[PDB]
Amino acid sequence: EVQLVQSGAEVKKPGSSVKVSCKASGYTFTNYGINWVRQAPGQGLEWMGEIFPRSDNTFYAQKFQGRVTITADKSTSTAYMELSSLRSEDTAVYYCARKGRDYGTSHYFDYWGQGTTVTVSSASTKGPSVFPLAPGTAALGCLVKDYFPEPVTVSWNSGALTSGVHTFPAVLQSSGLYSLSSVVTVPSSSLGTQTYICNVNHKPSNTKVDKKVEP
Amino acid sequence: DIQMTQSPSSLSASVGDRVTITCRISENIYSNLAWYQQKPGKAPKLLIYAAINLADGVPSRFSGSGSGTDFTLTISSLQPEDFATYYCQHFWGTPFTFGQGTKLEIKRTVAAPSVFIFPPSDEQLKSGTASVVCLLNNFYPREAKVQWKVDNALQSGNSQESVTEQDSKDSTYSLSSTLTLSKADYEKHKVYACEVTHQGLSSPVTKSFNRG
Amino acid sequence: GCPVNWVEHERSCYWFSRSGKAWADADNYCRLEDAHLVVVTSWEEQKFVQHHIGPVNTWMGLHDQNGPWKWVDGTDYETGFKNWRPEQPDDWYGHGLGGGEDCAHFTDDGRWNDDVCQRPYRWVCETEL
Ligand SMILES: [Ca+2]
Ligand SMILES: [Ca+2]
Ligand SMILES: [Ca+2]
């Protein structure tokens with residue numbers, strides 16, 4: 001079985017460099033080009049470059065030339081993509097992909113790494129502030145504001161309350177910190193018979209908040 | 001770079017429908033074209049290569065056709081697991097380029113949003129910031145306009161929006177809009193309102209509160 | 001040394017197609033294989049290619065689309081080895097396919113002919129170790 005396994009998520013300051021690795025297994029590493037493709041949040045796919053490990057020949061998209069370096073280590077069947085002078089627009093999921101081929105017809109990206117999230121930010125690790133969004137049907141929620149980096153998880157009543165829960169994708173504030181809301185609709189008649197608690201976990205900062213939301 | 005024009009950018013369809021997605025190329029690439037499927041949080045998956053060949057293990061309901069500058073991905077009978085984003089990609093020279101993507105979403109009946117407005121908490125105000133949240137709950141289609149008004153003054157530039165993915169049970173969307181003001185500005189005004197325009201509402205719906 | 005299904009000869013690796021492609025499509029395929037359409041610069045290389053293609057029209061990396069005849073890797077054509085069929089290249093327009101002939105192939109006796117680039121001939125990729 002062919003597998004491409006990438007290094008873990010990276011948080012990088014602007015101006016720094018990131019190096020992402022892509023460990024290939026299950027095939028002859030030198031027989032196929034390794035390609036790097038990135039995807040900014042909510043955007044499409046962008047090819048960055050290719051290395052052929054047999055020859056070490058590389059090809060880069062012009063917009064990254066002088067800024068991207070792709071290398072390959074035949075001894076560990078691992079390819080690397082180093083992107084320097086990072087800027088906010090380099091925040092993306094970076095994929096490696098094998099350029100397979102059917103002999104004499106065409107090429108294709110048949111096996112992909114799992115992706116590596118690279119966040120370029122001048123922010124530092126910060127746990128959220130959690131504020132109540134106070135209420136036949138009543139909506140209540142929690143605003144999970146000013147945290148970094150992604151992600152936070154939100155449950156309600158320790159996971160007992162799942163139906164009608166909507167936890168929204170985070171938005172990036174101009175401060176560089178993320179903010180998101182999680183809401184749940186419940187019967188108005190339940191407000192005096194059931195406590196509602198949003199369970200917020202921000203692992204990067206070891207922040208756990210159990211915020212009671214009352215009328 | 002070769003230009004890849006994929007159409008449409010978004011498509012609503014029902015399980016069992018035929019779906020066709022087109023990819024127009026700015027120059028002749030013979031059959032050197034691949035199609036991919038991508039689901040949220042996942043790497044793209046190869047569907048079709050050499051324009052018309054079904055990749056190993058991919059269901060035969062997927063088929064590709066075309067050559068040269070005009071290509072089509074067809075899903076003969078849309079399956080529930082097929083709602084995803086689709087990309088074409090050329091393999092002609094360098095740089096490889098992708099189409100901009102076609103997002104296939106689930107068709108359902110129109111559902112008007114339930115709208116809720118939340119004032120900033122006293123807890124947050126203590127920190128000198130005010131966030132006003134407007135919730136649009138379980139609506140369809142996704143298109144929706146939220147307008148913030150502060151004492152009937154139309155706000156612009158101080159709100160951010162976020163939309164959930166289609167609900168796995170009812171195929172609706174929900175939307176959260178946050179209006180951000182300084183604490184000082186929040187206290188200079190009384191009436192905060194979010195006006196919601198949506199196909200399921202005969203007229204825009206306004207939810208508001210008076211600071212207090 | 002050379003990848004599986006490639007053939008080594010005099011510090012080059014060669015891949016012989018078993019299917020046909022228009023010249024540009026073959027040129028693209030070799031490029032995406034980290035290679036180029038074969039560039040023939042000696043009798044020894046010519047005979048080696050002949051042995052492997054047999055009596056089959058086969059594209060090489062020689063074309064006159066930039067103006068003069070050029071090899072795809074920049075090797076100089078005029079000072080280099082040439083093995084054209086008699087009275088080739090002729091830029092024939094009588095084939096009915098439109099246009100002249102701008103792409104060189106090995107013919108079934110090994111000597112070269114310029115032909116219409118859209119013909120789906122076999123091809124040879126070459127990469128240098
Ligand atoms: Ca040669
Ligand atoms: Ca000619
Ligand atoms: Ca001729």
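Counting starts at 1 for both ligands and their atoms, in listed order. Here is the naming used below: chain letters follow the sequence lines, and residue numbers restart at 1 for every chain.
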For the Ca ion (ligand 2), give me the closest N/O/S atom belonging to C:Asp102, just the atom name.
OD1
What's the verdict on side-chain contact (heavy atoms from CB on, under 4.5 Å) for B:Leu46 and A:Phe109, showing C-alpha distance, side-chain angles and the deciding distance?
CA-CA 7 Å; B:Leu46 177 69; A:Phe109 294 151; over 6 Å; no
N, O or S atom within C:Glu101 nearest to the Ca ion (ligand 3), by name:
OE1
If you measure only the distance, is there a donor-acceptor pair under 3.5 Å linking the side chains of B:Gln89 and B:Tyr36?
yes
Measuring to the Ca ion (ligand 1), does C:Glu45 have an N/O/S atom at a distance below 3.0 Å?
yes
Does the ring of A:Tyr111 carry A:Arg98 above it, NZ/CZ under 6.0 angstrom from centre and within 45° of its axis?
no
Taking backbone and side chain together, does C:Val38 place any N/O/S atom at a distance below 3.0 Å from the Ca ion (ligand 1)?
no
Test side-chain contact (heavy atoms from CB on, under 4.5 Å) applied to C:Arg122 and C:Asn57, step by step:
CA-CA 7 Å; C:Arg122 297 194 172 164; C:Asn57 285 325; over 6 Å; no
Euclidean distance, B:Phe98 CZ relative to B:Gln6 CD, rounded to 0.5 Å
10.5 Å
Closer than 3.5 angstrom, by distance alone: can the side chain of A:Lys99 be matched with the main-chain N or O of C:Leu32 as a donor-acceptor pair?
yes
Restricting to N/O/S, name the atom of C:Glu126 that gets closest to the Ca ion (ligand 1).
OE2
Angle at the Ca ion (ligand 3) between O of C:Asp114 and OE1 of C:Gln88, to 10°?
130°
Heteroatom of C:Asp90 nearest to the Ca ion (ligand 3) (N, O or S, atom name)
OD1
Restricting to N, O or S, what is the name of the atom of C:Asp91 that lies nearest the Ca ion (ligand 2)?
OD1
Among the N/O/S atoms of C:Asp64, the Ca ion (ligand 2) lies closest to OD2
For B:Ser26, is there any backbone N or O sitting under 3.5 Å from a side-chain donor or acceptor partner on B:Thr69?
no
